[PDB]
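Working notes, beginning with the structure itself.
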Amino acid sequence: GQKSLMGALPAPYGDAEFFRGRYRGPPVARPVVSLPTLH
Amino acid sequence: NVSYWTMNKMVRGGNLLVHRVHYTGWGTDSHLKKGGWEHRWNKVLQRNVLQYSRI
Amino acid sequence: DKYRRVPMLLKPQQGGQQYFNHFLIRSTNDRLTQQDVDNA
Amino acid sequence: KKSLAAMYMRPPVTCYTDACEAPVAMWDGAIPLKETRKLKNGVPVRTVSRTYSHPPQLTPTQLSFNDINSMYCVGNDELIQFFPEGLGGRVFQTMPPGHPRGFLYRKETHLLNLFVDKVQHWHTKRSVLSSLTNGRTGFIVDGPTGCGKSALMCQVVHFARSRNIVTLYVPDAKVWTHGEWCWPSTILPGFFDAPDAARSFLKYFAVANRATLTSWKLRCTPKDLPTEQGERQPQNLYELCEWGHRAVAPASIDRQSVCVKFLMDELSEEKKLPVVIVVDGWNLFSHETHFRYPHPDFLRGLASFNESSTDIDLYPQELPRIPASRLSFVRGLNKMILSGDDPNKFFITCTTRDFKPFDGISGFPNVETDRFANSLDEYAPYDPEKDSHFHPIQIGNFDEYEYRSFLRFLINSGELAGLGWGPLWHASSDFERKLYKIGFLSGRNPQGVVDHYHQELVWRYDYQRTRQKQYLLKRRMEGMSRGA
Amino acid sequence: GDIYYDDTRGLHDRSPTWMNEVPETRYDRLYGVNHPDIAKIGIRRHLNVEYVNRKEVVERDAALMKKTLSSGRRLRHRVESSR
Amino acid sequence: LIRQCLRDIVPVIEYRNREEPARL
Amino acid sequence: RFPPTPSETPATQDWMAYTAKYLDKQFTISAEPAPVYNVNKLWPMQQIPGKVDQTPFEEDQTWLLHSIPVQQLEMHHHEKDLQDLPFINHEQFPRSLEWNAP
Amino acid sequence: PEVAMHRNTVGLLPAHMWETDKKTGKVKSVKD
Amino acid sequence: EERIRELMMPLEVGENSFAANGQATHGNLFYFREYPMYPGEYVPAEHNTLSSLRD
Amino acid sequence: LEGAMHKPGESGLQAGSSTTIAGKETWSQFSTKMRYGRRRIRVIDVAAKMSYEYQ
Amino acid sequence: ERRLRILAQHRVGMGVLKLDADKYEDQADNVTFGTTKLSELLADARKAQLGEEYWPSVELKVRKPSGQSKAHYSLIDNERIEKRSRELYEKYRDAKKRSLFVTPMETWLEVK
Amino acid sequence: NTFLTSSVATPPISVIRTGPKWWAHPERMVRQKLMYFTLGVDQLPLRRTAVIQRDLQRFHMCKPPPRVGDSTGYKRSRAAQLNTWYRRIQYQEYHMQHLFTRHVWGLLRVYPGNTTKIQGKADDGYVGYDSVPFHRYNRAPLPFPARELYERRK
Amino acid sequence: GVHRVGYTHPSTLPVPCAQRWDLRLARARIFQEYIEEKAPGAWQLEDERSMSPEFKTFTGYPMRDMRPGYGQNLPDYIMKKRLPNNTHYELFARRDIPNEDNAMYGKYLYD
Amino acid sequence: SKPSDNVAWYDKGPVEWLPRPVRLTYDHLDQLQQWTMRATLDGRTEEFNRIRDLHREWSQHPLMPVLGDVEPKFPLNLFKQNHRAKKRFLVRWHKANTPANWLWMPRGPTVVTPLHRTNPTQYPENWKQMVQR
Amino acid sequence: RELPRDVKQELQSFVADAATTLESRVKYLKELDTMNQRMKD
Amino acid sequence: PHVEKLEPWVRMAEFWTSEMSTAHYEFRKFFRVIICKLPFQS
Amino acid sequence: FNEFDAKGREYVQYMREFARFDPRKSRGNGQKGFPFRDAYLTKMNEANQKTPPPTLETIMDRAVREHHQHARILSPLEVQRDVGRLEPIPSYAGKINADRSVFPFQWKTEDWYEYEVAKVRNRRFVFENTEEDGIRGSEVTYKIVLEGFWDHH
Amino acid sequence: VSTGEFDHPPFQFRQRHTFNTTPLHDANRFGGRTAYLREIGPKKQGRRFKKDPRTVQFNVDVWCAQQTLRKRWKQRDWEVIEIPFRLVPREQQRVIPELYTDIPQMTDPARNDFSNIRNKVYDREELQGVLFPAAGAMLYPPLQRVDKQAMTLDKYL
Amino acid sequence: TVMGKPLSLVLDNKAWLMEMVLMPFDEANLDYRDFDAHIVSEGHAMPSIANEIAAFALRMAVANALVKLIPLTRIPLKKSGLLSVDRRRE
RNA sequence: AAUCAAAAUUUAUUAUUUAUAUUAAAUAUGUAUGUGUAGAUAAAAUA
Ligand SMILES: Nc1nc2c(ncn2[C@@H]2O[C@H](COP(=O)(O)OP(=O)(O)OP(=O)(O)O)[C@@H](O)[C@H]2O)c(=O)[nH]1
Ligand SMILES: [Mg+2]
């Protein structure tokens, strides 16, 4: 969506990796194969 | 034991107590949903005759 | 046709969920191998 | 990317199995190539070799105890030399003319190989062979359908004919009992013959054992045999089978009856030369052949159909079915079995469970999609202890060792011969996933293993290569981001 | 469960009502429940108690109410545009 | 081409015969 | 009925009767050893004894080539003819289909 | 023609009760 | 052989390598995650963040 | 190409397998000659249907 | 009990002999007819107490002769068949000089 | 073969448009592989057909996203380039099936259906026991009995 | 195949026992069972649509006999058929009246 | 004789084009297995070489089409409600496109392929000639 | 290369629906007549 | 006494609402049985 | 929550019924004496089933890890799959013996054909008034079948 | 479980011999038993029954019942002999209920024989003292049973 | 085992139907040989269930049983869509 | 607002149809394209 300021706060104590139940965002997709180039 | 016209007039008049169901389903009878008209035919046969051990 | 009665989890049919943890552990192993390559 | 295919040289062809290699552009990613560095005229010597090699083509003398649950191969010239009759019911489904001729050496194969090795000099080890068979004339091999029954029959025919032993091989018993047509025996009253199967047998057994049948002198054989102009009277057993099967129709129809009768008579008198007799599907020789007796109105004679008191033209009827003991071939076989004066003939046979399925109800078989169209219409249970005079051996399905070796041979030697995936190796899964999945689908049943190896083409729900290509493409993209 | 051993009743125990088939749960509500032009009190409240010919009566009442509301707004537009 | 001539003139004939309104 | 069971040919009960009568005239064993008790060929059908009858066939060509007529007119059942057809399935009293008689 | 159609013989016809054609072989007249 | 086959995987569309995933028509239908899905999967934490929190 | 021309030996509803152009007509020419050739009315049986005054 | 189970085949079920009397319109005549039929069935079933000739026979599914027994079907009259076959071969080799095909009907199978 | 009736020809695009029903039915595609595997022949256009339709059935229930607009026709033409590429491989297997089956039927002494050509035996369309008494497109009367394409002794 | 149905008397057996055919005759004496003479032994066809448990219309009694042309002309069908006395037809004959008030009383009596 | 569009001329290939629907049974596969077994044990290799030649001719990889090439050369959008016209157009358009007229299959002898062996001596049926020298 | 114009117009006259074309053209003539009548007052 | 469930009798009818459409109305009635088990005849 | 769902409560009751099944106690019960078709016909096929031992690869793969690797192979119900939680390790993890006569249910089709016809024909072959204990046994049985047009009526 | 065809194909437009489509009356269907019910052309009592669905369904039910009967009778390697109660073996000295009367009875749960008594088949060679007392010459030979404890090829000796 | 018969004979040895039954063990990263399963058919009984929709129902049944046995198995099995019910009738 | 038997309604005869199945010759040349009626419904870009 539009650009906001969420997540830009300094997290206290720097322990943002040990919280394994954190929000992981929407599920992104990846290509299974590189399509040939257009030009 | 009436025609389709008389059945529609007695449905629209309110004399009968009939329940409307979807016109492409099989109603509510589990034998009718299972096998159709022939299976309910055989079930009425099984209730009327074949459950009795004849003597 | 119109597959609106089909759930969203059935239309792409995203299988292969067992391999993701193996891929992540392999990625961590390759990062540590690259750190070993850069130091020597 | 990294091909290593232009650098690959072909190893020198020693046997037929080494010559079965495809071009390198086929199996380049199916069978991957490794590089080794040896120390000859320099410290690096880049030698590109294959990860997989073909199984070794071994003589039956060279097969040993350590080759149990391993895979070996036979040459195509040895296949033509040792099997002119053919193979079992489904043995040749895994050998096209491009494929190597592979065989799995199981534990029971090793037992029967040592048994045939002791048969070759039987008069010294007669008490040992009596203790092995428990005094019986031979072994009958039984198990569920699709096991290694007919494959083991071809293996012991290979073992017996590789050691210069006179070997009778009936590769399919359903050409005798469930044959095309039945004819009464010419010189045996009350007996019947399968003429086409007898002609093929008298051809192929003669051209298989010509080495020893030419030295076989005729002991009980009449010398006033009917003989056309220019033909020689037979003085050998090979000459007798050549008199039998080589003829013009319809003189061959009675010539095969006379030849089978006198061949079974000449076999029953030899007490010094060991004769191994291998029959695929002895359970068809132990019950009724599918022919029935003719109606007696056919032989009685009729003037007309209106007033003769007959119904052959009006209504069909099922007459009593002809048993196998009324065939002259099985008559000579049972004469050698039941008479105890023959401590010389070793009947290493098996059964077949090739029959059609029936599970309580049966509709009509769909003519397009029918795996059992050439199957037998029998439906009868069988017990090898009660219905045969031989010692029963129970073969079950594969254990995981034999199944792993067989599937490795199948997949890798089909991709090496240019009959597998080849360039499309990246679409199918790896060997561990294929082994797990085919072990699920088959239950390690060998015919089921072959059928699901062929049915691996239409697997819909394998997602290993998709996630692997996703991970490798993502790793390539982050590596290019690291390079920038 | 048994009432004599029930004390804290377990509710919504993941008994799947989508394995068995009860799809025909259609209901017919009267037209204009929150409409400002349709009155809350009326003789059409007597249409709420009728079971045998329910679907056709609800469709006919909805068609009649749509027709009279369309005619009312048409006459509203014609009179407010004619002056 | 005959179907094109029909699609040209036949709407005019069917308008004049069937669905032409009354005048004055 | 539909199969009109043919005339009884003399020695066709088993293979030894056919071998002794027609093929090999000097056959010593005339028939198979028959037990002293009664064998029931039709099972579990009780057939009138002393009557020539046929067993159910085992091959497909004997079932196919046997002159059996097909159904042509409307089929009838001895109890399901009070009910007219499966679409005019007549019920006298509206008892339940799981109604067990005491 | 279902079972025994081949058993019909030429003595079964009442050939004396009609008059046949000699060229075609068809029945040309019937006797009262 | 899997170690060797990992390096020669045809990641691009070529002669025998076909997409056929609807990547041209729909585009990126299969998901992929770089995080361990808790608590089904486990990746051990990096030593730098551990030592930073420890210090 | 094949089927672009019409061989006069082959019928018009069928399609010829020959690729040659010489001695063949275009299909507009075949359409004009089929519209040209079809002027005749089949002969009416007078004796098969009696007159209306007779009936 | 065995004779009662065989004489009442489907009227016995789960250790209970059941008779559904539907013959007459009234239930009193139906229970009279049911009592009569029960007494008739009991009097017919009680005949097993008279002797062993009224004990009902056990129906055993006796197998056909096995393959070990069918193997001896080839050796039936073995020496007679061999002595016949030698003269049949002599008849055949004398008949081969007349025609190309010698039918077993021309050797041992009598037709007329 | 026991199908000897006169048949109706179909265009190859209508066959492949059936997809998983008849063309890429998995039971049918397996027994086509057993024909090529028996002859010692690599099944490469059949494996090319199976790998395409395996992934084609995987996303066939997904709805395509709406295209808001492109200046050049390059991503639309690339999606059409691969689409007509997948049809031509399946056209090759459609010819490879009809090539080898008519070649095997000449080896197994198998008589085909009506108006069906076997290259070794019957260059014209072989017709046997048709409802029409003559040859439908050769305009020749049919003899009785049917034409034998092979020798007698089995 | 084609054979003659046999019978052994208990006086002929070395151990006497009651046969099954005279037990069938005793059952037919008790329950008045008709014994058809022309019933062929080859025609033992079960109603496999109802008898088989792996069919959709499974009812453990054979609902229809496997006989083409089991019609009204056959007297054994006439003997075992249900008579239409006091079936639903009797209710239809005495109930389906164009006015129900002529079924509860006479109109002259009520007036 | 009611001429129709089902002529299926036998000219442009070993298969007649617009071919009749053919059907394989497993009985055909068992007969083929027995035939290949007899040909293998008899030593006959000519028919195997003819089958390999047909496989080398008709089973090469088809070329990737150029950008702008489509299989509907004709616009199939104008046949909206005339369905029988669309079916007749499809059968005529595929009757025109014979297997001689693919042009994306490298069938001719001028092309080379490293996948399949081209000479019959390269196949392992004659290995004793090329053993070691 | 696209089709020429005259075969495209003749093919559109050949394969399209007649009844839908007739109904749309007749209702178009009716709409034009109502516009002319509304202009005439 | 206890009450035992019984399956309801349900019979549907297929008739025209006109060849236009088919109406599906079902007659139905519901059953509860009451089991009284007494250890004597009263 | 409760313990099991609707279909899970049904098949746990069928195992308690077969655990206390005795065929002489099915005297006059009717079709309620039929002893859970799945587990009953499995016992009748023990002449064909013949529960095999673990395979030679399995007992080698375990005993290498038990002895040569000092880390015992535990069952999939013993795997602590949750990272971040310790599970209370339920007692049915490795104590259930693998026997083919118990589970899974595989039977002969002829026994299943005979079971399904015998269960429907013996539906009303029940003796209600038996000389017994409580709610099963009685002297007279009254059933009052009430019928009305609505289910709440 | 069986994968053969049971139902008849329904009535529709006249099918043609195309791909995935067989004509409604073909010689391949039902062994050619549709030859009785076919019309070769592309009297009302002989034309109306070939088009009725219940008639053709009853006919294919009869044919499938004939196939089930011949496959059940081809399974039979035995025959039923009425043996008296005294000479029968110990497993048949009980009260055997009729078919579909009781629970399918196990043979001997005390002697660990859990199998149906109705499927039990006894050998002819073990009942020669019962079936043949009048011969006295032992018409069938004794069945040779293998020694299970003997060291043979099966036990690596 | 499905209704007393093993899975290779119920689905007529078809790999594309039995792979759907194998799939809930595959997505769970579980070995199939450590589990016994019996599947009872409660719908319409037919002589053969060798089709893809019956195999879909079999997969959903095996996946729900695996979820009921081990609870954490619901984390991959819901992500593969094996626990998800579609509503398509005829 | 002042009535009455169309097909309220049943049955039959050279005769009127549409359907029901029967139903064939014909290479000397030239040749023969519909609207619809139907069943369950699981491909898609010249405007
Ligand atoms: N090469 C090789 N193949 C084997 C071996 N064991 C089993 N097979 C495969 O297993 C399949 C079964 O072979 P058969 O022996 O004919 O099967 P069967 O047990 O006789 O089955 P039935 O004929 O029905 O009785 C064959 O097609 C072989 O491909 C073996 O030891 N060596
Ligand atoms: Mg075999």
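Labeling convention for the structure tokens: chains A, B, ... as they appear, residues from 1 per chain, ligands from 1 in order of appearance.
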
- Message: Would you pick out the contacts of residue 74 in chain S at 9 Å or less, using only C-alpha atoms (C1' of nucleotides), so that residues sharing its chain but fewer than 4 positions from it are not included, and give the list as number ranges by chain?
- Response: S: 28, 63-64, 66-68, 70, 78-79, 83

Restricting the output to N, CA and C atoms, write the selected residues as a compact mmCIF listing (two decimals), in the first residue's frame.
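Listing of selection19.txt after writing:
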```txt
# COMPACT_ATOMS: atom_id res chain seq x y z
N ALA S 28 3.88 -34.12 5.60
CA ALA S 28 4.14 -34.12 7.03
C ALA S 28 5.59 -34.44 7.38
N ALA S 63 -5.44 -37.29 5.82
CA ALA S 63 -4.86 -36.07 6.37
C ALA S 63 -5.54 -35.66 7.68
N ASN S 64 -6.87 -35.80 7.76
CA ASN S 64 -7.56 -35.50 9.01
C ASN S 64 -7.20 -36.50 10.11
N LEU S 66 -4.23 -37.98 10.34
CA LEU S 66 -2.88 -37.59 10.75
C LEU S 66 -2.90 -36.34 11.63
N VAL S 67 -3.82 -35.41 11.35
CA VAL S 67 -3.97 -34.22 12.19
C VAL S 67 -4.49 -34.61 13.57
N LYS S 68 -5.43 -35.56 13.63
CA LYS S 68 -5.96 -36.00 14.92
C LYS S 68 -4.93 -36.77 15.73
N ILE S 70 -1.26 -36.67 15.43
CA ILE S 70 -0.22 -35.71 15.79
C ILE S 70 -0.74 -34.31 15.47
N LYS S 78 -2.36 -28.17 6.37
CA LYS S 78 -3.26 -27.09 5.99
C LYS S 78 -2.64 -26.20 4.92
N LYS S 79 -1.31 -26.07 4.92
CA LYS S 79 -0.65 -25.24 3.92
C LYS S 79 -0.65 -25.89 2.54
N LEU S 83 -6.42 -30.42 3.88
CA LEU S 83 -7.51 -30.39 4.83
C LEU S 83 -8.68 -29.55 4.36
```

- Task: Find the residues near ligand 1. Use a cut-off of 6 Å, count only C-alpha atoms (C1' of nucleotides) and all ligand atoms, and write them as a list in words.
- Result: residues 88, 89, 90, 91, 93, 94, 102, 103, 104, 105, 145, 146, 147, 148, 149, 150, 151, 352, 353, 354, 446 and 447 of chain D

Quick one: write out the picked residues with C-alpha atoms as a compact mmCIF listing (two decimals), in the first residue's frame?
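Result written to out12.txt:
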```
# COMPACT_ATOMS: atom_id res chain seq x y z
CA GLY D 88 8.69 -66.58 -18.71
CA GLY D 89 5.37 -64.80 -18.74
CA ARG D 90 6.63 -61.32 -17.87
CA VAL D 91 10.43 -61.72 -17.77
CA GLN D 93 9.12 -56.98 -20.27
CA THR D 94 12.34 -55.43 -18.91
CA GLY D 102 19.80 -57.90 -16.25
CA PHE D 103 19.01 -60.42 -13.52
CA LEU D 104 18.87 -60.12 -9.73
CA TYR D 105 20.83 -62.77 -7.82
CA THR D 145 1.68 -63.31 -8.27
CA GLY D 146 4.41 -61.19 -9.80
CA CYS D 147 7.23 -62.60 -7.68
CA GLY D 148 10.48 -64.06 -8.97
CA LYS D 149 9.04 -67.41 -10.05
CA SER D 150 9.43 -67.42 -13.84
CA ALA D 151 12.52 -65.22 -13.52
CA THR D 352 1.84 -69.36 -12.06
CA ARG D 353 -0.79 -67.06 -10.58
CA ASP D 354 -1.45 -65.24 -13.86
CA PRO D 446 8.51 -57.06 -8.39
CA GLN D 447 5.87 -56.90 -11.13
```

- Just asking: which residues within range 15-110 of chain K are strand (DSSP E) according to DSSP, as a ChimeraX atom specification? /K:16-17,58-63

- Return the single residue from D:256, D:413, D:185, D:283 that is closest to ligand 2, with distances computed using only C-alpha atoms and all ligand atoms.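 Ranking D:256, D:413, D:185, D:283 by distance to ligand 2, first place goes to D:283.
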
- Assign secondary structure with DSSP using the backbone only, and return the residues of range 204-394 of chain D in helix (DSSP H, G or I) as a ChimeraX atom specification. /D:204-208,210-213,237-245,251-269,282-284,296-300,324-326,328-338

- Message: I'd like the neighbourhood of range 142-149 of chain R as a PyMOL selection string, where a residue qualifies if any of its atoms comes within 12 Å (using only C-alpha atoms (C1' of nucleotides)), though same-chain residues fewer than 5 positions away should be ignored.
- Response: (chain D and resi 131-136+139+383-393) or (chain K and resi 65-71) or (chain R and resi 123-129+154-155+157)

- Message: Which residues are close to residue 450 in chain D, i.e. within 12 Å by only C-alpha atoms (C1' of nucleotides), leaving aside same-chain residues fewer than 2 positions away? Reply as a ChimeraX atom specification.
- Response: /D:90-95,146-147,403,406-411,414,438-439,441-448,452-456 /L:34 /S:13

Just C-alpha atoms for this one: save the residues we selected as a PDB file, in the first residue's frame.
```pdb
ATOM      1  CA  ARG D  90       6.634 -61.322 -17.870  1.00  0.00           C
ATOM      2  CA  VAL D  91      10.426 -61.719 -17.774  1.00  0.00           C
ATOM      3  CA  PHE D  92      11.098 -60.115 -21.175  1.00  0.00           C
ATOM      4  CA  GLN D  93       9.119 -56.977 -20.268  1.00  0.00           C
ATOM      5  CA  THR D  94      12.343 -55.435 -18.908  1.00  0.00           C
ATOM      6  CA  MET D  95      14.601 -56.336 -21.866  1.00  0.00           C
ATOM      7  CA  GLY D 146       4.408 -61.190  -9.803  1.00  0.00           C
ATOM      8  CA  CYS D 147       7.231 -62.599  -7.676  1.00  0.00           C
ATOM      9  CA  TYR D 403      14.144 -53.860  -4.183  1.00  0.00           C
ATOM     10  CA  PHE D 406      16.480 -53.790  -8.693  1.00  0.00           C
ATOM     11  CA  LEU D 407      15.122 -50.232  -8.836  1.00  0.00           C
ATOM     12  CA  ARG D 408      18.650 -48.800  -9.086  1.00  0.00           C
ATOM     13  CA  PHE D 409      19.364 -51.127 -12.016  1.00  0.00           C
ATOM     14  CA  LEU D 410      16.016 -50.294 -13.662  1.00  0.00           C
ATOM     15  CA  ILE D 411      16.245 -46.493 -13.424  1.00  0.00           C
ATOM     16  CA  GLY D 414      17.220 -47.327 -18.500  1.00  0.00           C
ATOM     17  CA  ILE D 438       7.652 -46.975  -5.607  1.00  0.00           C
ATOM     18  CA  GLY D 439       8.076 -48.927  -2.363  1.00  0.00           C
ATOM     19  CA  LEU D 441       2.994 -48.052  -4.586  1.00  0.00           C
ATOM     20  CA  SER D 442       4.199 -51.603  -5.212  1.00  0.00           C
ATOM     21  CA  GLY D 443       4.605 -52.991  -1.713  1.00  0.00           C
ATOM     22  CA  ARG D 444       7.972 -54.238  -3.067  1.00  0.00           C
ATOM     23  CA  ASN D 445       6.156 -56.644  -5.388  1.00  0.00           C
ATOM     24  CA  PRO D 446       8.514 -57.063  -8.390  1.00  0.00           C
ATOM     25  CA  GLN D 447       5.874 -56.898 -11.131  1.00  0.00           C
ATOM     26  CA  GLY D 448       4.398 -53.972  -9.218  1.00  0.00           C
ATOM     27  CA  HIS D 452       5.112 -48.400 -11.160  1.00  0.00           C
ATOM     28  CA  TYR D 453       8.505 -47.710 -12.738  1.00  0.00           C
ATOM     29  CA  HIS D 454       6.584 -47.391 -15.996  1.00  0.00           C
ATOM     30  CA  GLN D 455       3.792 -45.441 -14.245  1.00  0.00           C
ATOM     31  CA  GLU D 456       6.282 -42.943 -12.759  1.00  0.00           C
TER      32      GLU D 456
ATOM     33  CA  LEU L  34       4.965 -49.513 -23.065  1.00  0.00           C
TER      34      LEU L  34
ATOM     35  CA  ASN S  13      -2.523 -50.256  -9.254  1.00  0.00           C
TER      36      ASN S  13
END
```

- Message: Would you pick out the contacts of residue 94 in chain L at 9 Å or less, using only C-alpha atoms (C1' of nucleotides), so that residues sharing its chain but fewer than 2 positions from it are not included, and give the list as a PyMOL selection string?
- Response: chain L and resi 12+15-16+23+89-92+96-99

Export of prior selection with N, CA and C atoms as a PDB file, in the first residue's frame:
```pdb
ATOM      1  N   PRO L  12      -6.546 -32.415 -34.855  1.00  0.00           N
ATOM      2  CA  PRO L  12      -5.688 -32.647 -33.681  1.00  0.00           C
ATOM      3  C   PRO L  12      -5.819 -31.601 -32.588  1.00  0.00           C
ATOM      4  N   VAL L  15      -8.426 -32.923 -30.105  1.00  0.00           N
ATOM      5  CA  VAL L  15      -7.959 -34.030 -29.277  1.00  0.00           C
ATOM      6  C   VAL L  15      -7.221 -33.504 -28.056  1.00  0.00           C
ATOM      7  N   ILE L  16      -6.269 -32.594 -28.276  1.00  0.00           N
ATOM      8  CA  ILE L  16      -5.452 -32.064 -27.193  1.00  0.00           C
ATOM      9  C   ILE L  16      -6.249 -31.116 -26.300  1.00  0.00           C
ATOM     10  N   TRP L  23      -6.780 -37.231 -23.964  1.00  0.00           N
ATOM     11  CA  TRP L  23      -5.462 -37.066 -24.573  1.00  0.00           C
ATOM     12  C   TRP L  23      -4.348 -37.300 -23.563  1.00  0.00           C
ATOM     13  N   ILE L  89       4.651 -29.556 -29.754  1.00  0.00           N
ATOM     14  CA  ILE L  89       5.195 -30.783 -29.186  1.00  0.00           C
ATOM     15  C   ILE L  89       4.098 -31.824 -29.046  1.00  0.00           C
ATOM     16  N   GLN L  90       2.912 -31.392 -28.618  1.00  0.00           N
ATOM     17  CA  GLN L  90       1.768 -32.284 -28.529  1.00  0.00           C
ATOM     18  C   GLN L  90       1.229 -32.664 -29.901  1.00  0.00           C
ATOM     19  N   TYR L  91       1.485 -31.852 -30.931  1.00  0.00           N
ATOM     20  CA  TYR L  91       1.202 -32.285 -32.294  1.00  0.00           C
ATOM     21  C   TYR L  91       2.179 -33.358 -32.742  1.00  0.00           C
ATOM     22  N   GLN L  92       3.403 -33.333 -32.213  1.00  0.00           N
ATOM     23  CA  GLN L  92       4.398 -34.323 -32.602  1.00  0.00           C
ATOM     24  C   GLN L  92       4.112 -35.671 -31.957  1.00  0.00           C
ATOM     25  N   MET L  96       3.353 -39.139 -33.472  1.00  0.00           N
ATOM     26  CA  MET L  96       4.190 -40.269 -33.079  1.00  0.00           C
ATOM     27  C   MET L  96       3.361 -41.450 -32.596  1.00  0.00           C
ATOM     28  N   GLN L  97       2.195 -41.188 -32.003  1.00  0.00           N
ATOM     29  CA  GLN L  97       1.310 -42.277 -31.607  1.00  0.00           C
ATOM     30  C   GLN L  97       0.705 -42.961 -32.822  1.00  0.00           C
ATOM     31  N   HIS L  98       0.209 -42.179 -33.780  1.00  0.00           N
ATOM     32  CA  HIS L  98      -0.398 -42.744 -34.976  1.00  0.00           C
ATOM     33  C   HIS L  98       0.625 -43.346 -35.928  1.00  0.00           C
ATOM     34  N   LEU L  99       1.895 -42.952 -35.823  1.00  0.00           N
ATOM     35  CA  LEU L  99       2.929 -43.546 -36.662  1.00  0.00           C
ATOM     36  C   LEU L  99       3.297 -44.943 -36.183  1.00  0.00           C
TER      37      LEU L  99
END
```
